[PDB]
Each structure stands twice: as structure tokens, then as C-alpha cells.
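Asker:
Number of protein chains: 6
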Amino acid sequence: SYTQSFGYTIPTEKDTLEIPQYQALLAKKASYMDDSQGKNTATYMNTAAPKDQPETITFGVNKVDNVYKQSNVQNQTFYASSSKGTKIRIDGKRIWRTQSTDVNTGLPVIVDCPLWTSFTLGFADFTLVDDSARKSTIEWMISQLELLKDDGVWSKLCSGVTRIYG
Amino acid sequence: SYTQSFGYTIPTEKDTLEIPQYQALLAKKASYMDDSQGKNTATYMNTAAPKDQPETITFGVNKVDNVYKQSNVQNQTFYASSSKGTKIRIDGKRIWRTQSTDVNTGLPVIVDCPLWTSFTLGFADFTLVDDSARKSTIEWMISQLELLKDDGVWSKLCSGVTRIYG
Amino acid sequence: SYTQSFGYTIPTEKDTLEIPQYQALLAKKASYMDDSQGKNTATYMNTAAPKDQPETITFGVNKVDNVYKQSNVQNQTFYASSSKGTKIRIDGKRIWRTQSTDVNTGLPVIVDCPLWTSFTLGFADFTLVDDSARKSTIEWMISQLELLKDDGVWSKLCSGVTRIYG
Amino acid sequence: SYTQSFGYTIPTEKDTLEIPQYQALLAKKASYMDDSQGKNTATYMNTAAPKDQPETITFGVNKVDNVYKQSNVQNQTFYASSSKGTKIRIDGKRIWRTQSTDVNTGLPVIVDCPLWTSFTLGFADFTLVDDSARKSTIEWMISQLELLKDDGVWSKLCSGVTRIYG
Amino acid sequence: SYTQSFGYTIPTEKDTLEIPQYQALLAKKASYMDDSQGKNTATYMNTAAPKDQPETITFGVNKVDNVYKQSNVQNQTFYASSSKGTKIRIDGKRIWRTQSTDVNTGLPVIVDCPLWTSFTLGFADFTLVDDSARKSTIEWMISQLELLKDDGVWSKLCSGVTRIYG
Amino acid sequence: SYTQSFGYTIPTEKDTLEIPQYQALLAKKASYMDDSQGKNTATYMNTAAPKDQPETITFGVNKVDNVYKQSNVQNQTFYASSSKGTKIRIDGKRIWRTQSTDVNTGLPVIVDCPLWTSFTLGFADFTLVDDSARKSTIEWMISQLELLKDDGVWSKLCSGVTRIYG
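Protein chains in written order, with the deposited numbering: chain AR, 1 to 166; chain AQ, 1 to 166; chain AL, 1 to 166; chain AK, 1 to 166; chain AJ, 1 to 166; chain AI, 1 to 166.
If you want it as C-alpha cells, here you go:
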């Protein structure tokens, strides 16, 4: 009889996030661009956005030779039979565009500033890993953002608070 | 009167994610430790985890001299007055532990393999960026995961599908 | 009695396109230009357009050595003395001009952008090639544009959608 | 108040084209096929046509680094802020089949000659370009065919007349 | 009235094969992979299989310049414009994984042997080639396996019997 | 307790294929022929087909030095003690003959075009590989043909569809 946990019982209490269906729209309107960003990385243009103001998401998957060196596993005996791991990465680059017509000339004045986001998940490639394990850790990150509170972990990071909890 | 948008109207339709309150438990049990990782990066240990199986989350914030260069903006004339921006990064390292008594000796054999996740948000540091403008992008990534569907975007990345949408 | 079709009976249903008589005005005001643009072609300039904003159309016709190599047709059992076709090509280059007057100085401000359109029809030189054959395939292309719908095939292409139908 | 036109007021008079709904049938019966033509190009097979007489339409979209170089605009002043452009291309390959059955031998006599067509529209990527501008120039080409007259522009090209208007 | 057959009347008697719906599950869970494996092919990955044990299938289609050269057919008296033919190819690579837990240690011991399969069908591009002709020859191979018998043609080939029937 | 599977539980649902007993007739009427194709390859001639319209099936078996190199297994740990493997191959060449008799001349008109098919199954030589494993993967390929649907995987390949599932 064996048990495999992250180390603590998953909290019963659940924060509910009402997230807009961005992905659905993007999936409908995503057109394949050439994979400039990497060899095993495929870049995608979102056609729903305008041609002169594009939003692009690039997917990548890179295998990592030794997972344990990066990670903090206390004792070396616990190391699994093979330390080869797989790592996934979602990069997205979108544009927050401000535009207003010039008073002097009807030509609009456009100034768009860029915003970008990146999500990464690396996991030791073994059979001791479940999609249960991986989806839990994804949810762990998302919860760690504290998105429900307007002035929360994410706003403090944006506002520069490194030492969040003390 | 200036009008600012990401380039398309935010979708009305909303995917609801019931995410466990990992962050709440971590925030309660989080303890600060030396910033070996960086001069601006603060590393935190989750005390709720077992003493020989620690889960650790490290927060970081770094200014970027020129946001426009990295990102794809079609026309130079739209660059804002100052391209200096700010970038935030949450790194986490947890440990999926498989432990069994199934050995000749009574003693248990413990094999844990590492999992790590990372979330990053970089935004042009300028007046025009709203917290509405930033919060939308975080939600944008999270939606892009397609977490509702069990075999979705995230599982295809984990399984290795670079070219998700075709 | 021979049944000759394109592989499927022509659809009874008909989309009606109310197309402005651009060609009538151009044909009235078209003036010959020396065929710098092609060796076996003829380039024409539309005098109706203002002199600082010219619109030009170029007609060309080139015969093709072997029709069958390009096309995907089960190779068939009928003697052909030669299998060479003729190909026609209409090229057009026009200008979309945005012009205003600077409020400060009565001086007008002009900014124009180019658009170009090309239509091509190649057909095997054979007795059996009918006016019906060619005009049907011209109509075939025009329908393929889905011009009636605002959010149609054409706008998806101009959006950047490679995989239009599936 | 800024006014933008193609240089001459759009002709009021309208040629009406009754075009069969080829596109509707194809869209119902279209099936994906290899993106062989280009990485930004998706090729489709029309299932309505018989398996041994296939008809195929391939869509493509390629960015153009500098639109102004190809086109003719009289003064460098008028050049828009970014000369980047986008170009769309519809390619189709169909088969005109003529068939009867031999009296002497039950075997059908089938002779089919191929015909192909291509449409292209390239335009500057700039906030001034409206889908109004694009759709107008699409109609401009279509009108330029002079489809209404049986012996018109298109049939003169097909017969081999380079210098159409004089 | 033409009699067209394979040289002998199709046998009335029918072997019934109860084949699991491997294809249904794979088509549901199949995801695209960049065609490293072929220049004109498409390699797909089955997401149903666990991530550390991938199962992949690759479809390819290549035309053939002359079919009659390799095949043994009395050269015959019917005009052919060309004599070229299409050839299709399905390649699959899967993994037979045997896994247990070493009881001397606690660590699991996993050993998986690779298996692969390939099906190919090449046919002359002609009008007279029926779907009937091709589906028949596909069934012809499948029958030739003698799959019903445990000690059949297929097991003899697996055991190493070149000269199966004598 | 050892568990060995292909990675996913075999689908309960079963497609039933009513396949003519081609193999029974060929086995009755099969005659030996030169082993020209390979020294480990025996070619047979089917006598049931007429002398002037022959059908021939050639069986082959070749050892493969290293199976793992061709195949994709994620970790070197999982490699079996010996990577030696054995590969079997059935090649068939048949001829599709359409014939009628000319009314004008008693001489029959005969036009036959050729078809050929090939099936291949390679597997690691190891005590773990069961006839269960090998027969299952044979069935896996057969299912992958989607023979039941008249317009299915096989006919799409035949028509030229490289990218079948997307």
C-alpha cells in the first residue's frame, strides 16, 4: 500500500475564478505562424485582433536533462531511477492600444504599449507523476496569484512588493 | 476622448474555474528565508509541508529597460514616451512524493520527483496601463490553459503537442 | 450525347452581387502605357484618377507548355497531339488616399496606402474547353470569396486565417 | 473632417452578377488536406466532386515587408507611418470532364481537361485601410472582368488579346 | 457491358474479424506533430497513451512516375496519356510496456519493448480504378494475414517462415 | 503483480469487418516462384488468376539489429535487456482488369491497371512480447484504416489527404 502526496492535504476550501473565454476565441481564430521562437516551439497569431495590432501566443516543450539540480530535494537517495524531465511553456504577447483622433487633423493618434505573459510547468518525467499531480500544481500557481482580492498578491508584485507575506 | 482596448472586445462568455485555496494555506504557513535567489527576489518556504519535503515559492520583480523591443509592435511611431517597463515573476517548486511499504523489509521506500511552475507578467511601465489592462492579461493566460477540458491545451502541452490549434 | 460537367451539377441557387461599374469608368478613361511591367503584357493607366494618385491595370496572357503537370487529374486515355494551355492574368494597382486639412495651416495633409489585386485563369487549349467552362470557373472563384457576408471568406483571409473552412 | 477615397467617386451605376452558389456547396463539402503549398497555406479538397475528378482550393496569407516599393505613389511625403502590409491569395484547381459511353465497348470514354484560377489581394497594414477599401477593390477587379458581355474583357484575354482597351 | 475483375470472381465466403476500435480512440485523442518524419507526410501523436509511453501514427501519400514498370502485367493495347499512379502509406510506432515493482527495493521496474506496423497501397491513377477495386485489395491483404487462426500466416512470418505455403 | 499494456486499455467496442476469404483461395491455388525479392523472401504465384493476368504475393522476414533506435521510448531506463528485433513483411502485386469485346472487331478490348499492397510488422524479440501484443497491433492498423465508412481514412489517403485528423 503506497501513498503519494504533495506533502499536505489539498485544501477543501475553493476560490472560484470567473475567467473570460479568451482561449475559446483564440482557438477559433488562431492561425499558424512559422515557429520563429524555438525549434520545438510553435508560434500562433490570433486573427480576431487586427492585423496592425496583433496578439500572438507561442507554445513550447523542452526536455530538461536533470530536474533534481534545479529543485530542492533534501536527500539524494529519494532521487528517482531516471531524472530526465519534461518542461512546457506558454508565452503570450498582446498589445494594450490607446487611440484617439487628433484634434488638428482627423488622422487618429495611436500609441499602444505592450504587455506579455508566460506560464511554465516542468515535471520529472517518470510514472510517479499523474495528471492529477500536474493539474494540481497548475492550480497551485493560479491560486498563488490571489486574483479575487483587487489589492492582492498580483497587484503587489505589479506595484513592486517582493516580500509579500513578510 | 481616447479609447483603449486590447484589440478586440473582451468575450462576454466566462469559464468558471473552481480552484482550491492553495494560496490561503500557503500565506498562513509561509516563512521568509534569505534571498539567495536574487537581490530583488524573495524566497518563501511553506511550513505546512513536511520537514524533509519542502514546497517553496519565490517572488521576483525586475525592471526592463525597453519593453517595445522584445514585444511585436508594428509601427515605431506608436512607441510611448518611455519604453521602461516592469516585469513580475512567481516561481514555485513543489515535490510530488510517492512512498510505499511494498518492499521485503518493513521500512518504507520513499521516492519523490520534483515539479515546478512559473508565472510571469511584464507590462510597459506607463500611465496608460490600467490594473484593468493588466488583470485582463493574467486571466488571458489562465483561460489559454483550457483547464476545464480534461484533455485540453495543458494536457496536450504536457503530452508534447506544440502545434495545439493546427 | 455527352455529359460534360465539373464533377458536380452547377448549383441552381444563385448569390446576387451588385458590383459597381468600375470597369465602365476605367474603360472610358483608360490610356495606354509602355509595357515596362511585362515582356508580353500591356499596362494601362486610368485617367479618371487624379494625377497625383494614379490607378493602373495590367493585362497579360502567357501560354503554358504542359497543363497537366500542374493539375491533379487522373491521367487519362485520350490522344492529345499536344497538351498545352493558355493563361490570362489581370493585375491592378490602386491607391486608397486619406486626405484632410491641417487646422493650424490651411495646407492639406495627405496620407495614402496601396492596394493591389490580381486575377488569374489558366485553362487547357482544347476543343472541349467551352466559354461555359471558363466563365463557370471565373464565377467559381468569385463565389468562393463569399462577398455577401461582412464576416466572410475574404475578411477571414484579410484577417489572416489560413484554414478557412476547417 | 478627413475624406478618404480611391481618387475618384465610386460609380453610382451597378452591374448585377447572378453568380451560382459554388462557395456554399464547397464549404459544406470541404475537407482538409496537407498544407503543402506553403506553411501559411492550407489546401482543401472538395468532397462534392467525384473522387477520380477532384477539385481543390488552397488558401494562403503572406506578410509583405514593404508595400510601397511594389506600388506607385507619386510622392514620398504621402507614405504612411509603417509600410508593412499583408497579402491574401486564393488558389483553385478544378477539372472540366467531358464523358460519353462508346457504343462498341461498354467502357465509358472520358476526356477531361484541367482549369485553374487564382485571386490575390494585397493591402497596406494601417488603421486607414477599411474593409470598405478592401472590399471595394475586390469588386473593382470583378467589374474589370466585364462578365456581363459574352464577348468582353475576359473572353478577349482568353483568346489572347494583350492590349485590351487600345 | 464490361466485366471488370481481379482475374477471379471475389470469393463468396467471408471471414469475420472482430477488430477493437483502436482507430476511434486514436482519432478522438490524436494531436498534430510537426512532420519531421517525412517531407510530404503528417505525423500524429496519440494523447490517450501515457506521456512517458507515446504512441504515434504517420500518414503519407506520394505519387509514382510509372506504375507499369515494377508491376508484372502483360503490356496492353490501350492508349494512355500518362501512366502514373498514387501511393498511400500508413506508418505506426507503438510501445508494449511491461511494468512491475521490484520487491527487493521499493522502486518500480519498467521495461517496454517497441513495436511498429506499416500499411501501403499503391494504385494506378485511372478512371477505371474504383473505390471497389481499392477497398477489395485492402481486404485482400487483410485476409492474407489469416488472422483467425492462432497458428496462421502471420504467426509463421513472426516465427521466421519465409516459404509459407511450401 | 506485473501489468503490461499498450498504455491504454484496449477499447471494448469492436468494429466488425466481413472480409472475403481471399487468403483461403490463394492458399489453395498458391504456387512457388523464385525468391528474387530477397534471400529471406519467398515469392508465390496465385494460380487461380489467369496466366495472362497474374497475381503474386511475396513474404519476407528480416531481423533488425536495434529496434529502439527507430522507435520512440522516452527513457533509456526502460530499454529491455536485448534490443534485437524481428520484422515481417507481406508484399502483394495484383492487377485490376476491365474488359469488353469490340462490336466492330471480334477482338476483345482489355485494359488493366495495376494495384499493389504491403503490410509490415516489426517487434522487439523479447520474452515480454506476446502474440497478444503482436496480433493486437495488427488489429490496430486494420482499425486505423476506418474501412467501415465508405468515405473514411483509407479513401482520404487515396484521394490525397496527408493531414487526416487536422
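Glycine is no exception: its CB is placed at the ideal position from the N, C-alpha and C atoms.
1. Within the 9 Å Cβ cut-off, does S100 (chain AJ) reach chain AL?
2. Short of 8 Å Cβ to Cβ, which residues in the stretch 149-166 of chain AQ face chain AJ?
3. Return no unless some Cβ of chain AQ is closer than 9 Å to the Cβ of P54 (chain AJ).
4. Is the CB of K39 (chain AK) under 9 Å away from at least one CB in chain AR?
5. So the candidates are AQ:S1, AQ:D15, AQ:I10; which of them puts its Cα closest to the Cα of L145 (chain AQ)?
6. For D34 (chain AK), which residues from the same chain have a beta carbon less than 7 Å from its beta carbon, with the 5 sequence-adjacent residues on both sides left out?
7. Comparing C-alpha positions only, which one of AI:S136, AI:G166, AI:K156 sits nearest to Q4 (chain AI)?
8. Under 9 Å between C-beta atoms, does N75 (chain AQ) make it to chain AK?
9. List the whole-angstrom C-beta distance separating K87 (chain AL) from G38 (chain AL), where the pair is believed to meet the contact cut-off of C-beta under 8 Å.
10. In the DSSP assignment, what are the bridge partners of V153 (chain AR)?
11. Quick check: what's the CA-CA separation for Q53 (chain AQ) versus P50 (chain AR)?
12. Is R89 (chain AR) closer than 9 Å to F59 (chain AR) when the C-beta atoms are compared?
13. Taking Cβ positions, are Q21 (chain AK) and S132 (chain AL) nearer each other than 9 Å?
14. How would you label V103 (chain AI), buried or exposed, when you count the other beta carbons within 10 angstroms and need 16 or more for buried?
15. Along the beta strand (DSSP E) that carries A133 (chain AI), what are the first and last residues, could you check?
16. Can you confirm whether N104 (chain AI), when its beta carbon is compared against all beta carbons of chain AJ, has any partner nearer than 9 Å?
17. List, in order along the chain, the chain AQ residues whose C-beta lies closer than 8 Å to that of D112 (chain AR)?
18. Would you be able to state if there are at least three C-beta pairs under 8 Å between the stretch 149-164 of chain AL and the stretch 59-74 of chain AK?
19. Anyone know if the C-beta pair for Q76 (chain AL) and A80 (chain AJ) falls short of 9 Å?
20. So that I know if they touch, is there some Cβ in chain AL lying closer than 9 Å to that of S31 (chain AK)?
21. Cβ of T47 (chain AJ) within 9 Å of Cβ of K149 (chain AQ)?
22. Which term fits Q70 (chain AJ), buried or exposed, when burial requires 16 or more other beta carbons within 10 angstroms of its beta carbon?
23. Let me confirm a value: residue 228 (chain AR) is counted as buried when at least 16 other C-beta atoms fall within 10 Å, else exposed. Which label applies?
24. Once DSSP output is grouped into helix, strand and coil, what is the label at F119 (chain AI)?
25. At a Cβ threshold of 9 Å, is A42 (chain AR) touching chain AL?
26. Is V64 (chain AJ) helix, strand or coil when you go by DSSP?
27. Got a sec, what are the start and stop residues for the beta strand (DSSP E) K87 (chain AR) sits in?
28. If the cut is a Cβ gap below 7 Å, which residues of chain AJ does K51 (chain AK) touch?
29. In whole angstroms, what is the alpha-carbon distance linking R94 (chain AQ) and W154 (chain AI)?
30. I want to see whether chain AQ comes within less than 9 Å of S82 (chain AK), judged by CB atoms only; does it?
31. Between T101 (chain AR) and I10 (chain AQ), what straight-line distance do the alpha-carbon atoms span, to the nearest angstrom?
32. Taking the straight line between their C-alpha atoms, what separation do you get for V109 (chain AL) and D65 (chain AK)?
33. Helix, strand or coil for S159 (chain AI), going by three-state DSSP, please let me know.
34. Any Cβ of chain AR within less than 9 Å of the Cβ of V61 (chain AK)?
35. Can a CB atom of chain AL be found closer than 9 Å to the CB of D125 (chain AJ)?
36. Going along chain AJ in order, which residues have a C-beta closer than 7 Å to the C-beta of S36 (chain AI)?
Answerer: To lay it out plainly:
1. No, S100 (chain AJ) lies away from the interface with chain AL (no Cβ there is under 9 Å from its Cβ).
2. Cβ contacts with chain AJ come from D151, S155, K156, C158, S159, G160, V161, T162, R163, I164, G166.
3. Cβ-Cβ to chain AQ under 9 Å: yes for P54 (chain AJ).
4. Yes, contact with chain AR.
5. Comparing Cα-Cα distances from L145 (chain AQ) to each of AQ:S1, AQ:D15, AQ:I10, the minimum goes to AQ:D15.
6. Closer than 7 Å at the Cβ level, and outside the excluded window around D34 (chain AK), lie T43.
7. Comparing Cα-Cα distances from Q4 (chain AI) to each of AI:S136, AI:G166, AI:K156, the minimum goes to AI:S136.
8. Put simply, the CB of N75 (chain AQ) is near chain AK, with a gap under 9 Å to one of its CB atoms.
9. For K87 (chain AL) against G38 (chain AL), the beta-carbon gap comes to about 13 Å, at or over 8 Å, which does not count as contact.
10. Looking at the DSSP assignment, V153 (chain AR) forms no beta bridge with any residue, so it has no partner.
11. Take the alpha-carbon of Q53 (chain AQ) and the one of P50 (chain AR): they are about 49 Å apart.
12. Inclusion of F59 (chain AR) and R89 (chain AR) in the CB contact set at 9 Å is warranted, their separation being smaller than that value.
13. No, Cβ-Cβ distance for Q21 (chain AK) and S132 (chain AL) is not below 9 Å.
14. It counts as exposed.
15. Per DSSP, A133 (chain AI) is not a residue of any beta strand (DSSP E); the alpha helix (DSSP H) it occupies stretches across 131-144.
16. Among the CB atoms of chain AJ, none fall inside 9 Å of the CB of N104 (chain AI).
17. Listed by position along chain AQ, the residues whose Cβ is nearer than 8 Å to that of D112 (chain AR) are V73, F78.
18. Result yes; three or more Cβ-Cβ pairs closer than 8 Å.
19. The Cβ atoms of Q76 (chain AL) and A80 (chain AJ) sit closer than 9 Å to each other.
20. Yes, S31 (chain AK) counts as interfacial toward chain AL.
21. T47 (chain AJ) places its beta carbon 9 Å or farther from that of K149 (chain AQ).
22. Counting Cβ neighbours within 10 Å, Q70 (chain AJ) comes out exposed, since fewer than 16 surround it.
23. Here chain AR comprises residues numbered 1 to 166, so residue 228 (chain AR) is not present and cannot be evaluated.
24. Of the three classes helix, strand and coil, the one that applies to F119 (chain AI) here is strand, per DSSP.
25. Answer no: the Cβ-Cβ gap between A42 (chain AR) and chain AL never drops below 9 Å.
26. Note: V64 (chain AJ) maps to strand in three-state DSSP.
27. It spans 85-101 - the beta strand (DSSP E) in which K87 (chain AR) sits, taken as one unbroken run.
28. Within chain AJ, the residues near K51 (chain AK) are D131.
29. Approximately 47 Å, taken between the alpha carbons.
30. Closer than 9 Å: yes.
31. Rounded to the nearest angstrom, the two C-alpha atoms are 23 Å apart.
32. Cα atoms of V109 (chain AL) and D65 (chain AK): separation of roughly 25 Å, rounded to the nearest angstrom.
33. In the structure shown, the three-state DSSP call for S159 (chain AI) is helix.
34. Residue-level contact by beta carbon holds for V61 (chain AK) and chain AR, with a gap shorter than 9 Å.
35. At least one chain AL Cβ lies under 9 Å of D125 (chain AJ).
36. Here the premise fails: no neighbours, minimum Cβ distance about 11 Å.
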